[PDB]
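Pasting input_27.json here (JSON, C-alpha atoms):
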```
[["chain", "number", "residue", "atom", "x", "y", "z"],
["H", 1, "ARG", "CA", 23.96, 2.14, 26.65],
["H", 2, "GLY", "CA", 20.20, 2.56, 26.49],
["H", 3, "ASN", "CA", 19.67, 5.23, 23.83],
["H", 4, "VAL", "CA", 16.34, 4.77, 22.04],
["H", 5, "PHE", "CA", 12.79, 5.86, 22.78],
["H", 6, "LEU", "CA", 10.84, 4.41, 25.71],
["H", 7, "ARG", "CA", 7.80, 2.42, 24.56],
["H", 8, "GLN", "CA", 5.41, 1.97, 27.49],
["H", 9, "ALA", "CA", 2.38, -0.31, 27.72],
["H", 10, "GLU", "CA", 0.31, -2.06, 30.38],
["H", 11, "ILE", "CA", -2.20, -4.92, 30.47],
["H", 12, "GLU", "CA", -4.58, -5.33, 33.41],
["H", 13, "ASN", "CA", -7.08, -8.15, 33.89],
["H", 14, "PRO", "CA", -4.41, -10.72, 32.98],
["H", 15, "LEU", "CA", -4.50, -14.43, 32.18],
["H", 16, "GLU", "CA", -2.72, -17.15, 34.12],
["H", 17, "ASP", "CA", 0.90, -17.52, 33.06],
["H", 18, "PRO", "CA", 1.52, -20.18, 30.36],
["H", 19, "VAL", "CA", 4.09, -22.29, 32.24],
["H", 20, "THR", "CA", 3.21, -21.72, 35.92],
["H", 21, "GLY", "CA", -0.28, -20.22, 35.89],
["H", 22, "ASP", "CA", 0.28, -17.03, 37.89],
["H", 23, "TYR", "CA", -2.59, -14.57, 37.33],
["H", 24, "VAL", "CA", -0.26, -11.58, 37.12],
["H", 25, "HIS", "CA", -0.71, -8.23, 35.38],
["H", 26, "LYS", "CA", 1.75, -7.15, 32.69],
["H", 27, "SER", "CA", 3.70, -3.96, 31.98],
["H", 28, "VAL", "CA", 6.47, -3.20, 29.50],
["H", 29, "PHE", "CA", 9.05, -0.38, 29.15],
["H", 30, "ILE", "CA", 11.09, -1.15, 26.02],
["H", 31, "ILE", "CA", 14.12, 0.45, 24.40],
["H", 32, "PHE", "CA", 15.12, -1.71, 21.40],
["H", 33, "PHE", "CA", 18.21, -1.08, 19.28],
["H", 34, "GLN", "CA", 18.64, -1.51, 15.53],
["H", 35, "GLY", "CA", 22.21, -2.86, 15.48],
["H", 36, "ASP", "CA", 22.71, -6.57, 14.85],
["H", 37, "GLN", "CA", 25.23, -7.24, 17.62],
["H", 38, "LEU", "CA", 22.90, -5.56, 20.09],
["H", 39, "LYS", "CA", 19.89, -7.37, 18.60],
["H", 40, "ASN", "CA", 21.63, -10.68, 19.41],
["H", 41, "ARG", "CA", 23.24, -9.81, 22.77],
["H", 42, "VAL", "CA", 20.14, -8.16, 24.24],
["H", 43, "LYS", "CA", 18.03, -10.99, 22.81],
["H", 44, "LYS", "CA", 20.23, -13.50, 24.64],
["H", 45, "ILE", "CA", 20.08, -11.58, 27.92],
["H", 46, "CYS", "CA", 16.35, -10.90, 27.74],
["H", 47, "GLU", "CA", 15.41, -14.47, 26.84],
["H", 48, "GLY", "CA", 17.75, -15.61, 29.61],
["H", 49, "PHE", "CA", 16.00, -13.54, 32.26],
["Y", 1, "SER", "CA", 8.38, 12.94, 20.28],
["Y", 2, "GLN", "CA", 9.48, 9.31, 19.97],
["Y", 3, "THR", "CA", 7.68, 9.05, 16.63],
["Y", 4, "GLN", "CA", 9.32, 12.35, 15.70],
["Y", 5, "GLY", "CA", 12.76, 10.87, 16.43],
["Y", 6, "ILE", "CA", 11.86, 7.81, 14.37],
["Y", 7, "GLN", "CA", 10.89, 10.19, 11.57],
["Y", 8, "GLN", "CA", 14.26, 11.96, 11.75],
["Y", 9, "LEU", "CA", 15.97, 8.59, 11.37],
["Y", 10, "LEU", "CA", 13.63, 7.73, 8.49],
["Y", 11, "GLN", "CA", 14.46, 11.04, 6.79],
["Y", 12, "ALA", "CA", 18.13, 10.17, 7.23],
["Y", 13, "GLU", "CA", 17.62, 6.81, 5.54],
["Y", 14, "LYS", "CA", 15.63, 8.59, 2.83],
["Y", 15, "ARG", "CA", 18.47, 10.98, 1.99],
["Y", 16, "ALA", "CA", 20.78, 7.95, 2.10],
["Y", 17, "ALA", "CA", 18.56, 6.28, -0.50],
["Y", 18, "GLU", "CA", 18.59, 9.48, -2.57],
["Y", 19, "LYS", "CA", 22.40, 9.48, -2.42],
["Y", 20, "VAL", "CA", 22.41, 5.82, -3.47],
["Y", 21, "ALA", "CA", 20.23, 6.75, -6.46],
["Y", 22, "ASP", "CA", 22.58, 9.63, -7.24],
["Y", 23, "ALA", "CA", 25.46, 7.15, -7.09],
["Y", 24, "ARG", "CA", 23.89, 4.60, -9.42],
["Y", 25, "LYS", "CA", 23.24, 7.54, -11.74],
["Y", 26, "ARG", "CA", 26.91, 8.49, -11.36],
["Y", 27, "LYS", "CA", 27.88, 4.98, -12.44],
["Y", 28, "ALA", "CA", 25.45, 5.10, -15.38],
["Y", 29, "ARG", "CA", 26.79, 8.49, -16.47],
["Y", 30, "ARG", "CA", 30.36, 7.27, -16.06],
["Y", 31, "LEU", "CA", 29.89, 4.17, -18.21],
["Y", 32, "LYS", "CA", 28.04, 6.28, -20.81],
["Y", 33, "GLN", "CA", 30.93, 8.74, -20.81],
["Y", 34, "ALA", "CA", 33.47, 5.92, -21.12],
["Y", 35, "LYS", "CA", 31.51, 4.56, -24.07],
["Y", 36, "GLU", "CA", 31.59, 8.04, -25.62],
["Y", 37, "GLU", "CA", 35.35, 8.61, -25.28],
["Y", 38, "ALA", "CA", 35.84, 5.10, -26.63],
["Y", 39, "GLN", "CA", 33.68, 6.01, -29.62],
["Y", 40, "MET", "CA", 35.57, 9.27, -30.21],
["Y", 41, "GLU", "CA", 38.94, 7.54, -29.77],
["Y", 42, "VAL", "CA", 38.16, 4.73, -32.19],
["Y", 43, "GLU", "CA", 36.71, 7.26, -34.65],
["Y", 44, "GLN", "CA", 40.06, 9.08, -34.57],
["Y", 45, "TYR", "CA", 41.67, 5.70, -35.25],
["Y", 46, "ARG", "CA", 39.39, 4.99, -38.23],
["Y", 47, "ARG", "CA", 40.27, 8.42, -39.63],
["Y", 48, "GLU", "CA", 43.95, 7.50, -39.30],
["Y", 49, "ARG", "CA", 43.47, 4.14, -41.04],
["Y", 50, "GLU", "CA", 41.44, 5.78, -43.82],
["Y", 51, "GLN", "CA", 43.90, 8.57, -44.62],
["Y", 52, "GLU", "CA", 46.82, 6.13, -44.38],
["Y", 53, "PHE", "CA", 45.06, 3.85, -46.87],
["Y", 54, "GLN", "CA", 44.65, 6.73, -49.32],
["Y", 55, "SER", "CA", 48.27, 7.82, -48.90],
["Y", 56, "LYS", "CA", 49.62, 4.31, -49.47],
["Y", 57, "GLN", "CA", 47.25, 3.69, -52.38]]
```
File written out as structure tokens:
Amino acid sequence: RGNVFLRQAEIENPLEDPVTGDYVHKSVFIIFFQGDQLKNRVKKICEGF
Amino acid sequence: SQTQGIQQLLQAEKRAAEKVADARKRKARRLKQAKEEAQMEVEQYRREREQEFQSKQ
């Protein structure tokens, strides 16, 4: 249940990825919750993907 | 907008902290009051012991 503010950012002119080396741009659209159960569950899912 | 929402939440936590301060003050006032009724109560007791001592003497 995404509820918190959208933090947007973008990086162009990237560097090659640490573990494969893909020279790929970056962009982030975050909504991060302050509850502990969410902080752990979303952390698990996000680190998994 | 997003920072404004964050500020509303921060104001909420601020009034929560103010209520926590009010509550620790409530506890301080309550223990001070309890000390004061204890002092009054035991003073009544000392008056009783004193007048009883004079009566018996």
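Closest approach to residue 35 (chain H) from the set H:3, H:19, H:47, H:14 is made by H:3, with distances taken over all atoms listed in the file.
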Identify every residue of chain H that has at least one atom within 12 Å of any atom of chain Y, counting all atoms listed in the file, and report the result as an mmCIF file with C-alpha atoms, in the coordinates of the input.
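Saved file selection.cif follows:
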```
data_model
loop_
_atom_site.group_PDB
_atom_site.id
_atom_site.type_symbol
_atom_site.label_atom_id
_atom_site.label_comp_id
_atom_site.auth_asym_id
_atom_site.auth_seq_id
_atom_site.Cartn_x
_atom_site.Cartn_y
_atom_site.Cartn_z
ATOM 1 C CA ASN H 3 19.670 5.230 23.830
ATOM 2 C CA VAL H 4 16.340 4.770 22.040
ATOM 3 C CA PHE H 5 12.790 5.860 22.780
ATOM 4 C CA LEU H 6 10.840 4.410 25.710
ATOM 5 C CA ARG H 7 7.800 2.420 24.560
ATOM 6 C CA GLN H 8 5.410 1.970 27.490
ATOM 7 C CA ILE H 31 14.120 0.450 24.400
ATOM 8 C CA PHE H 33 18.210 -1.080 19.280
ATOM 9 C CA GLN H 34 18.640 -1.510 15.530
#
```
Mind checking which residues fall within 10 Å of residue 25 (chain H), counting only C-alpha atoms, ignoring those fewer than 5 positions away in the same chain, and posting them as a PDB file with C-alpha atoms, in the coordinates of the input?
```pdb
ATOM      1  CA  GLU H  10       0.310  -2.060  30.380  1.00  0.00           C
ATOM      2  CA  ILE H  11      -2.200  -4.920  30.470  1.00  0.00           C
ATOM      3  CA  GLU H  12      -4.580  -5.330  33.410  1.00  0.00           C
ATOM      4  CA  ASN H  13      -7.080  -8.150  33.890  1.00  0.00           C
ATOM      5  CA  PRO H  14      -4.410 -10.720  32.980  1.00  0.00           C
ATOM      6  CA  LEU H  15      -4.500 -14.430  32.180  1.00  0.00           C
ATOM      7  CA  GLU H  16      -2.720 -17.150  34.120  1.00  0.00           C
ATOM      8  CA  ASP H  17       0.900 -17.520  33.060  1.00  0.00           C
TER       9      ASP H  17
END
```
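Here CA of residue 38 (chain Y) is placed at a distance of 19.7 Å from CA of residue 25 (chain Y).
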Rounded to one decimal, what separation in Å do you get between CA of residue 29 (chain H) and CA of residue 9 (chain H)?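 Between CA of residue 29 (chain H) and CA of residue 9 (chain H) the gap is 6.8 Å.
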Can you measure CA of residue 20 (chain Y) to CA of residue 34 (chain Y) for me? One decimal in Å is fine. 20.8 Å
Generate the missing atoms of region 15-28 of chain H up to N, CA, C and O atoms and report them as a CSV table (one decimal), in the coordinates of the input.
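The result, written out as rebuild18.csv:
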```csv
chain,number,residue,atom,x,y,z
H,15,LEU,N,-4.2,-13.0,32.2
H,15,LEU,CA,-4.5,-14.4,32.2
H,15,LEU,C,-3.4,-15.2,32.9
H,15,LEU,O,-2.2,-14.7,32.9
H,16,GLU,N,-3.7,-16.3,33.4
H,16,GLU,CA,-2.7,-17.2,34.1
H,16,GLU,C,-1.5,-17.5,33.2
H,16,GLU,O,-1.7,-17.8,32.0
H,17,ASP,N,-0.3,-17.5,33.8
H,17,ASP,CA,0.9,-17.5,33.1
H,17,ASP,C,1.0,-18.9,32.3
H,17,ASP,O,0.5,-19.9,32.9
H,18,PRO,N,1.6,-18.9,31.1
H,18,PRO,CA,1.5,-20.2,30.4
H,18,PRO,C,2.2,-21.4,31.0
H,18,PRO,O,1.6,-22.5,30.9
H,19,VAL,N,3.3,-21.2,31.7
H,19,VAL,CA,4.1,-22.3,32.2
H,19,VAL,C,4.0,-22.5,33.7
H,19,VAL,O,4.5,-23.5,34.2
H,20,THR,N,3.4,-21.6,34.5
H,20,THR,CA,3.2,-21.7,35.9
H,20,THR,C,1.8,-21.5,36.3
H,20,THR,O,1.2,-22.2,37.2
H,21,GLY,N,1.1,-20.5,35.6
H,21,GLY,CA,-0.3,-20.2,35.9
H,21,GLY,C,-0.5,-19.0,36.8
H,21,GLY,O,-1.7,-18.8,37.2
H,22,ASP,N,0.5,-18.2,37.0
H,22,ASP,CA,0.3,-17.0,37.9
H,22,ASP,C,-0.6,-16.0,37.2
H,22,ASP,O,-0.3,-15.6,36.1
H,23,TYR,N,-1.7,-15.6,37.9
H,23,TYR,CA,-2.6,-14.6,37.3
H,23,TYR,C,-2.0,-13.2,37.7
H,23,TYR,O,-2.5,-12.5,38.6
H,24,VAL,N,-1.1,-12.8,36.8
H,24,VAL,CA,-0.3,-11.6,37.1
H,24,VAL,C,-0.4,-10.6,36.0
H,24,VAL,O,-0.3,-10.9,34.8
H,25,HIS,N,-0.6,-9.3,36.3
H,25,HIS,CA,-0.7,-8.2,35.4
H,25,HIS,C,0.6,-8.1,34.6
H,25,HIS,O,1.6,-8.7,35.0
H,26,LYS,N,0.6,-7.3,33.5
H,26,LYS,CA,1.8,-7.2,32.7
H,26,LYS,C,2.0,-5.7,32.4
H,26,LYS,O,1.1,-4.9,32.3
H,27,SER,N,3.3,-5.3,32.3
H,27,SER,CA,3.7,-4.0,32.0
H,27,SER,C,5.1,-4.0,31.3
H,27,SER,O,5.9,-4.8,31.7
H,28,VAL,N,5.3,-3.2,30.3
H,28,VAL,CA,6.5,-3.2,29.5
H,28,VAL,C,7.0,-1.8,29.3
H,28,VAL,O,6.2,-0.9,29.0
```
